[PDB]
Every structure is written in C-alpha cells, then in structure tokens.
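First to last, the sequence lines map onto chains A, A' and A''. A prime marks a further copy of an entry chain.
Letter by letter, the first sequence follows residues 1 to 267 in the deposited numbering.
Letter by letter, the second sequence follows residues 1 to 267 in the deposited numbering.
Letter by letter, the third sequence follows residues 1 to 267 in the deposited numbering.
From the three backbone atoms N, C-alpha and C, an ideal C-beta is built for every residue, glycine too.
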Amino acid sequence: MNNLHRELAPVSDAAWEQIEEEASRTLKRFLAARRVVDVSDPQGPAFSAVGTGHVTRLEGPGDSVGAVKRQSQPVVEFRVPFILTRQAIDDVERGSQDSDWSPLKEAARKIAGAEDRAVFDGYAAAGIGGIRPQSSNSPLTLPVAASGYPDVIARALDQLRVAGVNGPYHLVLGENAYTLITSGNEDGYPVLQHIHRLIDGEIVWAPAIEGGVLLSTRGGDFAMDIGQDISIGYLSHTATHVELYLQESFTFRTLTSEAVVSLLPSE
Amino acid sequence: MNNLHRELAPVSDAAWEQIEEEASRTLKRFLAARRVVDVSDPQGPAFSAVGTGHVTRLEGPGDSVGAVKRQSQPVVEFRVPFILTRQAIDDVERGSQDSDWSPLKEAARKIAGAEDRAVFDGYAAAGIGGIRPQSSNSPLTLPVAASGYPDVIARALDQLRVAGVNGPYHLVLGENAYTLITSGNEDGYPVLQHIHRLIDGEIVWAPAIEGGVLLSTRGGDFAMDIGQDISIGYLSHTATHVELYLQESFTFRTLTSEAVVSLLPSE
Amino acid sequence: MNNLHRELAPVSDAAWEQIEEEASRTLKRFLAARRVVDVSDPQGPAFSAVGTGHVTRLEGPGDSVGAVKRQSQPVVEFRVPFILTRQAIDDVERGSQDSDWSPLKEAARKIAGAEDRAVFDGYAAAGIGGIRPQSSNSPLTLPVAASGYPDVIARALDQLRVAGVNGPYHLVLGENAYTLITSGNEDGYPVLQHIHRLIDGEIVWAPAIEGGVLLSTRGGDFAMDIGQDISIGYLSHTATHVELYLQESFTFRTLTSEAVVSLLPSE
C-alpha cells in the first residue's frame, strides 16, 4: 500500500483497467516534450533534488575555515484532480464499452499541458528555466504563409551549425503552426517535402505551446529527471461520485543553451 | 437443413458455385463500412441482442425493493429478394460462361447500400444511431474544388488530435467526392500526394453515402456485431423462374463519439 | 475487486462468514419458485437479455429491403438494503454466538418475496408475465374446508391430462392453504394421504403468494435465467452502523401455458 490509496477507491478491477488504458492513450497523444528531451527512468518517491555540480561561497564558520554550499534543483510535483460519476464504474462490470471518461481526459490534457509548458517556457516557482527562454541563440519569427517556412528553418539550422551543435535536428510546432504547415499551399509548392528534406524526423505536434522550436537531439542537452511518472491516485468518494487525481514528479534542466533555437509565433 | 432452404431450390451445384462467386465479388466491391469498422465473427442465428451495460430505474416491486432493467440493442435482419430465369441456371451445366446474374448483382448492391447507410447515417427503426449523426465533433463541409481538400483534411485531423484520439486516420468518401479527388487538378497540384501524406491508408470508396467521414481505426470505437453474414436463401420457383434472397443479420454501435469527424457534401 | 465492494466494509472475516451462513439459511427457507421452475447456472454480470426467437416487422430501410427486429426479454436487478449496528460485527470476533441479524433476515424475506411474486404473479415493469396470469387453463377456486381439496386437485390433474402435459405434478400452496391442508380434519379423513397419493412429491410452501398452483415439472416449461445469484454488497458505514444490500439479477419466462393450473384463494 502506497500513497496512491487505490484499494480504498470503490472502483472495480475492470474499471481500473479501462481507466488506465484511456489515461495512457490520452497521455501519449498529448505529451510532446518527452519526444525531444532525454527522459530518465523513474527514480522513486524519495527523489527530491538533482545536484548541479556548482557551489556558493558562504561566510566562514570561524578561524581560517572556508565554506561552500552545493547547489541543486528541487523536484516539483504536479497533481490534477477529477471526478467520476460511479455509474460508469458500475457499468464497466455490467459490460459497458462507452463509459464516460471525459473528466479523466480533461485532467490528462491539463497535466500534459502543464508539464509541456514547464519544460518549454519554464516554471519560475519550481526553479525550471525552460528550453526557450534559456536559449543563447537569436529567436526567429515564423512567417504567416507556409511558403516562408523553409527559409526560417534553414536560417535556424544555420544558427545551430554555426554554434557548432551536431546530431539530428527536430522541430516542435504549436497547434497553429502545425496546422498551417500541414494544410499546404495554394501554389502547389511542396513545402512539406522541402521541410522533411531539411529536418531529421517528423514534426512534433505540441498543443500546449505557441510558435515553435528547433533543437538537436544528439543527447546531453536537455535533462528530464523523473521521480514519479504520471499515476492515478484516490482522494475521496461520495454515494454518487469518486474523486481521483493524476500525479507526476519531475525536474528539468537545460544544460546546453546553444543547441536550441526558439521560433516565435507569426504576427 | 437450415432456414436457407437451399436444397429445395431447383439449382444445380455448378450454378450455385457461380452464383456464390458472383455474389462474393460484388459484395466485396460494394461493401465499405466493414473496411473501417470493427467487424466481429458471426455469432449465429440465435444472436438477438447486445447488452450496452446501462440500466433504467423501474418502479419498485414493493416494500423497499429497488429494480433496474438492463439495456440492450436488438439485432436487425435485412432481406432483399431477386429472381432468376432458370435458363442461366440450366445453361451453367451445359457450359455457359456468360449467364445473366444481373438481378443478383442488383440485390447485392441494394443490400450493401442499406447496410452502409445504416452504419453511417443511422437507421432509426432498428435503433442504430449511425457514425455521422452521433459525432461530437463539428462537421466540416467539403470544397467544390479538389485543391481545397488538403485544408479540410488538415482541419479534421486537428479536430481528432485536439479531441485526443490516436491511431491511424482513414477517410471514407462518397462517389462524387472520390471521383473529384481522383480526377485531379488543372494547375498540376499533387493534391492526392498531399492527401496520402496526411492520411494513414487508402481512401475508401463508398457509393452509398454522400460527403465523407474521417475517423480513427485504433479499435474499440465502432462495433459491428454480426449474427448472420450475407447469405443466399430460397423462397419459391416457377416453371421459368427461381426466387432467391440475400439476407444478413447485424447490429451496430458507436462507442466513442470523438473519434469521428463528418464531412458534408459540397454546396 | 467487483461491484460488491465487500473489502471496503468494516466487517471482519468471522462476521462475514456468520452473515453469509444466516443469509443462505433464510434464503433456502423462504425461496419457493426455485423448487418448481428450471433454474439455470449464473450467467455473469454482463448477462443483459435473453432472446425469445421472434421478430417484429419494421418499416424498410429503402428500395425493396425488408427489415425485422429480433425480440428479447431484459434482465431485471433486485436490490434490498439493510443496516447492521456494528456491535454484533465487533462481538462476533469477541466470541458472540447470538449476534442480531434481524435486519439481514428481513431483507432476505423481502427479496425472496419479491422474486416469488415476480415469478408467480408477474412483474409488469420488468416484462415478466408470471406463471399464473399466463396460464391457458381455467383457474380453480380452493375450498374453505380441507375435505374438498382432493376433489379440486383431481380436477386440476384432469385439466393437465386433457391438455396433454406429462411428467411429475407438483402443487405450490400459500401459507393459509398450506396450514389448512396440514392442520387436518375433525372427521378423521386422511386428506393429506389422499393428496400425496395424487401428487408426485411434497407440497411446496410459498409464503409470498396466495391460493396455489398445480404445475408439471417435466422440464422446459418455465425458464429462470440467472445472471447474478443473491449476493451481499456494501454501500456505506457510520461510526455505529454498516449499510449492506442483498442483490440478485434474473429474468423469467413461461414457455408452455398449458402446463400450469392456477388455484385461487378460498372465498
């Protein structure tokens, strides 16, 4: 028995299995940063901080004794609660195949968006700098028309090459940029084909962010330390409802600031 | 001996084999919904209903006894009769290779169209909601010109992604939409190539429906329960004719309403 | 873990065992229809309907396509709640042998009476016709005095024989009829001996119904389809009480209406 008091929830095994399957599907659909950043294996519930290797000079304890304090980044925990009606839970065992998991899907969307925004744009309260605001390269603005995308991608790739970064290059685009680049052109220009000739993979769809980002996936530039992966826990239940939550525990660090170019949304 | 009183029909074995081959060919050509929906193995002649897992509160039998009634969807049977002239049947054994099976082909077309319309647009009398009218996403209107098809397909794909549905994405188009998208453009735009870059398969041709539909084929969203597959039975014969019928037995349910976007015919 | 959230109940194993033993004893004492009707093995929580084999003509889907809908009888669920004081539950482990299970016995009586009344007199809301109202034979009125019982039993047996039904013949009597026929006569007439010479078993005592019924137990005339047998589930608990319920899931059909004669209470 762990802190996720699952056995105390009035939820049958079949309902638990269906809920877990739905949560996994929605999370894989909505999670974007994990596709481009180095994600470690879960460290456990006792994982609290990651040391940065740097020190801070302190006032000495006394006679000719010098003191330095080690620096570390703390781990932040995200929790999003949702409520189920207990009727879907009871119907799963009766044989229902269309039980309503909309609150679970909304909670998954919220937690995935929070994680993606923390990784990309940063979360000041948790001490997470963010991939984009912590970039030493000059940001590039995306064009209104999809025809100008190859030029901007080429300039960003040139920025990476001049900075000296190697390895495969991947771009993550927001919802608007992704739909604009996938809709196509009215002049018959194979802009998608040119983009795929330039890039080293598939465009990553990120509903949580705006604009985009081009980054190298050689490894060792963006570290996501995971203590607890996204899991489902139980809070309380009523005669007609059950309250659950989605919880994750992680920290993120940007080690190389030259391996990333941030693309700003079109104006 | 079963309810299809085949042995009572004045039809030779060679004629039966040719008729079955023609019916199978025409049915595979005309059946479209089975390519995109989950089709189960036949359940048998005694398959009458499929339970939905839900209940309805009833007035109690008496002193402090509560009652709920289980809900199920009944199975509907489709039968289409046709007439053969007995001259083709007699000529098959004499060696004919061009016997007239036009009534059989027309009956196959009718029954396939009825099944496809029930699955896609719904059949109220049998309790079948239908794929398109039971969609929670906003329907999209197809453009008059094939050049605008990639944009509409991209918007529908974005709707699926925002709803959180995963898996391969397939589009089914009516006859007009299919012929318009396959005829091409007068500006040399590779619209078919762009469409095939966006989609996860081949466009499904559906002569029975108008407009189109984009849906995910991950599995578990559209259930077709089959009790009796399409089979040939005998009714009566005259000195110069034999009356047969094509019969099927099925029910259909749409379990996930967010995994489908309906495309409306161009105006 | 199933829909009967037993493990969430603050009830020890010894208390659970005693409660189950008491419930089984009281249910075997009070259940009467199961002694004379064909009872199937439990079908499971997903059992929702039983097909009758009949069809209903529908309005056609379109051009020369005929449609029929299969007919089925839904399964009804009965639930009766009761409350225990938690003091008996705590005392069972302390060694109590006279714990108060009166609410459980009352709930068992209520649910058994509801089931028996649904089987014999019918339950319109659940679609259960009932054994007695769905009888094609002419009902017979019981006499006020036990001396006239053999004559009525003989007439009912003659009705069965003329209808052509075979097999053992059993009579189920209400509480008043049973006590009247067992009290005896003041003239020394062995009416019970004559009744047992006529009948093919022991008189079934039915506290839930009035009058009586004479029916053949050859098999295949009265079908009780059981999805979930009577079981104990947990709802909620207080600091001084625990709320449980008795739940069953079944449907009943009378297939042969000539194998039953209904005896009406004496006037």
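* Look at the alpha carbon of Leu264 of chain A and the alpha carbon of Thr141 of chain A', and state the distance between them as a whole number of angstroms. => 32 Å
* To do: Taking the CB atoms as reference points, tell me whether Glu77 of chain A' and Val68 of chain A'' lie closer together than 8 Å.
  => yes
* Using a Cβ-Cβ cut-off of 6 Å (strictly less than) and excluding sequence neighbours within five positions of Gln134 of chain A'', which residues of its own chain qualify? -> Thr254 and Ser257
* Residues in the region 118-135 of chain A' with C-beta within 9 Å of chain A's C-beta atoms, listed in sequence order? -> none
* Asked: From A':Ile199, A':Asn166 and A':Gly122, pick the residue whose C-alpha is nearest to that of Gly62 of chain A''; which is it?
  -> A':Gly122
* Between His54 of chain A' and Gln73 of chain A', is the Cβ-Cβ spacing less than 8 Å? -> no
* To do: Can you say whether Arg132 of chain A'' is buried or exposed, counting buried as having 16 or more other CB atoms within 10 angstroms of its CB?
  => buried
* Whole-angstrom C-beta distance between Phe47 of chain A' and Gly227 of chain A', which should lie under 8 Å -> 4 Å
* When you compare only the Cα positions, how much space is there between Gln87 of chain A and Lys105 of chain A? -> 17 Å
* To do: Give a yes or no on contact between the region 194-203 of chain A'' and the region 168-184 of chain A'', applying the rule of three or more CB pairs nearer than 8 Å.
  => yes
* Who are the near neighbours of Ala49 of chain A in its chain, counting only those whose CB is closer than 6 Å to its CB and skipping five residues on each side? -> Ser72 and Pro74
* Cβ of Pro103 of chain A'' less than 8 Å from any chain A Cβ? -> no
* Could you list which residues in chain A have their beta carbon closer than 9 Å to that of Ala46 of chain A'', in chain order? => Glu93, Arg94 and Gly95
* Asked: Can you name the residues of chain A' whose CB is closer than 9 Å to the CB of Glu210 of chain A?
  -> Simply none; closest approach about 15 Å.
* Is the CB of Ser40 of chain A'' under 8 Å away from at least one CB in chain A? -> no
* Asked: Just checking, does the region 85-100 of chain A'' make contact with the region 6-23 of chain A'' on the three C-beta pairs under 8 Å criterion?
  -> yes
* Starting from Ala49 of chain A'' and walking both ways along the beta strand (DSSP E), at which residues does that stretch end? -> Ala49 to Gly62
* Asked: Where does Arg86 of chain A fall in DSSP's three states?
  -> coil
* To do: Flag this pair as touching only if the region 35-45 of chain A and the region 185-193 of chain A have three or more C-beta atom pairs under 8 Å; answer yes or no.
  => no
* Residues near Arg34 of chain A in its chain [Cβ-Cβ closer than 8 Å; skip 5 each side] -> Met224
* Quick one: which chain A residues come within Cβ less than 7 Å of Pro150 of chain A'? -> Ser183 and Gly184
* To do: In the DSSP assignment, find the alpha helix (DSSP H) that holds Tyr149 of chain A'' and state where it starts and stops.
  => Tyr149 to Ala163
* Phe252 of chain A'' versus A'':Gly129, A'':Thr217, A'':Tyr169 and A'':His194, residue with shortest Cα-Cα distance -> A'':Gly129
* Among A'':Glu93, A'':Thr56 and A'':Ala259, which one has its Cα closest to the Cα of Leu171 of chain A''? -> A'':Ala259
* Sort A':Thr52, A':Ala114, A':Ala118 and A':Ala146 by Cα distance to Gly95 of chain A and report the nearest one. => A':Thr52
* When we look at the beta-carbon of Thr26 of chain A and count the other beta-carbons within 10 Å, is it buried (16 or more) or exposed? -> buried
* To do: Indicate the three-state DSSP secondary structure (helix, strand or coil) for residue 271 of chain A' in the structure shown.
  => Since the first and last residues shown for chain A' are 1 and 267, residue 271 of chain A' lies out of range.
* Asked: Does the distance from the C-beta atom of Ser262 of chain A to that of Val213 of chain A stay below 8 Å?
  -> yes
* To do: Using a Cβ-Cβ cut-off of less than 8 Å, list which residues of the region 51-64 of chain A'' approach chain A'; keep chain order.
  => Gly51, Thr52, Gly53, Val55, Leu58, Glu59, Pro61, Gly62, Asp63 and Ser64
* Compare the beta carbon distance of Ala112 of chain A' and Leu4 of chain A' with 8 Å and say whether it is the shorter of the two. => no
* **Exposure label - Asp90 of chain A; buried when at least 16 CB within 10 Å** => buried
* **Coil, strand or helix - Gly184 of chain A' by DSSP** => coil
* Of the listed residues A'':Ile19, A'':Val242, A'':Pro207 and A'':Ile230, nearest to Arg117 of chain A'' (C-alpha basis) -> A'':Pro207
* Quick one: Cα of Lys110 of chain A to Cα of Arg6 of chain A, how far? -> 22 Å
* Residue interval of the beta strand (DSSP E) (run including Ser72 of chain A'') -> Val65 to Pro74
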